[PDB]
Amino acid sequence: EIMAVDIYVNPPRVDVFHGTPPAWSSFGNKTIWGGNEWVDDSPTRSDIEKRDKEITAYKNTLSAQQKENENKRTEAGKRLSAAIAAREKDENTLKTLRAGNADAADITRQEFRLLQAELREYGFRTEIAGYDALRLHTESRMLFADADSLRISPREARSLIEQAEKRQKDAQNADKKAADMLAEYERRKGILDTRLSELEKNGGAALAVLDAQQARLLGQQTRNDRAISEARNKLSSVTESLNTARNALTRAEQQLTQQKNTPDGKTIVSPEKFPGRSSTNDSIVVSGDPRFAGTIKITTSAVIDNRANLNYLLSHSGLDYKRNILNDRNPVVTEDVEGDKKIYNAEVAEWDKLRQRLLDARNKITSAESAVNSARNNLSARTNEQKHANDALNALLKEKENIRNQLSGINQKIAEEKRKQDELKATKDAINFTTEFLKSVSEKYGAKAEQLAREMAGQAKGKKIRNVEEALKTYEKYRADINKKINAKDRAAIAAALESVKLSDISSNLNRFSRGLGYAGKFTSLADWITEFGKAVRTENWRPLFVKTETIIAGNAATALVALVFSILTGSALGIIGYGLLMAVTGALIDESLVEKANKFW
């Protein structure tokens, strides 16, 4: 809530003692303390007894006034008590709120909260100050009265009076205590008015800080979402290439396998598992020596079946291999020189021709392998990039997570300050609807009217609606008065008028008042209530209407009722007779006192 609202409506009043010194009818209102020094003006026996009667009956009057004057002080005192209960409740809260180092603002509100409570307490303290003044005034009168007696000695006289004067003055001081006191009150309220504006000022100031903070956050958000696009694309342009590579490699390794499976190929891959062989039939012819002259028909074979040897060949000559791995060195192995030389050359040609073969074969796998690895080393090159795209994109997705987080917080923050900022205004303006109410009440029905209205809200606040039967009992007593006065056509008007109420239309006022007066719960059969209220003014039954009231308001608080009646008076005409009858009936459910004042002003 943050506001008090009980203040601003019904601030301390402090009404001074209405006197009227007595002008005794006995013995010429003379008093024995009156000048007599050089005369004889003596009070006869009857003169005295009479004077005694007057003074007696009179004192009694001040006496009754006083007893009832106390009672009021008493209830006040009770309210002072509660007023204090709060001051404490609040104060206590403030301290811990500081023990935790709550936000300057939380505390600023709390302080302002204890302030109003404090003002409240002081409020009642002032009201007490007045009652006491009254008791003093009554007293000095009591004495003054007793100071005329005529049964006393001029001594006792002059003393009784001196006493009275001393007392009346005290009373007068009392008067000045309250008044100053009553001024102070307002002198403090003003500070509240200041203290609240500070609150409102800084309240908006904070709002802004959030409004602008959530601004960067929004301009950030967009930018982030922009960046997201870019990166999301770059990941593509990367992955796009990633495939080209993998495709290249796929085709490459494809090629390698091909070259690795050539019959000769396999031998490069494995001499032993797949020996590389080659042979050629030669029809060598010899001449000269008839012992060998002919045509030798042989078959030159050669085979490679070992890494050791395969390597050597690829790295040497056939002739060499022939001469260094086989150690077939001298071509001449037999008596047939020509043949032996020709055969050898043939034997060697093989190695030469197989070498060329396994050789080329090697190269084929060679070229492929460089291809392969080149592709295999561009794919990787590319994958490094893919990471540095996906990762990069993700990092951004994180800030997305974080901006949204930072923002939501802020959203909430602003909403909250808003609901709080609103309520204040709502309760403020409300506190202004009621003030604006009581006044026009003064303008249409004059003085007595407002004073009643308030005094009704005066009790009410804190007390629950009175028991039905106990309620009717009060009204029935004030029956032939509240109906005596003026109730002719007026009655039929008051009724028909009451009936014609559009709950729908007056609903809002009820909501404003309730707040302005302190009730916030829930009404329930208002459409009916009013209706019953009507029939009630026609048939003077009163019971069901009274019974109904016990059953319309949540906490059964009088405060809501008053708020209700305030609404009905705001959606009709009725007039001074009407205002009366209502306040009167309603009062008989809050407190009998209100009725007296009701029946006493019209």
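A residue's number is simply how far along the shown sequence it sits, counting from 1.
Averaged over CA atoms, B-factors in the entry run higher in 261-269 than in the other of 261-269 and 167-175.
Stretches compared: 112-120, 397-405. Higher mean C-alpha B-factor in the entry: 397-405.
In the PDB entry, the Cα temperature factor peaks, among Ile552, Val547, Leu574, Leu564, at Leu574.
Looking only at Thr280, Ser149, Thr366, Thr383, the residue with the top Cα B factor in the deposited structure is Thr383. The PDB entry assigns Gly587 a C-alpha temperature factor belonging to the lowest third of its chain's modelled residues. In the deposited entry, the Cα temperature factor of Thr194 sits in the middle third of values across the chain's modelled residues. Among the modelled residues of the chain, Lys341 sits in the lowest third by CA temperature factor in this PDB entry.
Placement of the Cα temperature factor of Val9 within the chain: highest third of the modelled residues, per the deposited record. In the deposited entry, the Cα temperature factor of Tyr519 sits in the middle third of values across the chain's modelled residues.
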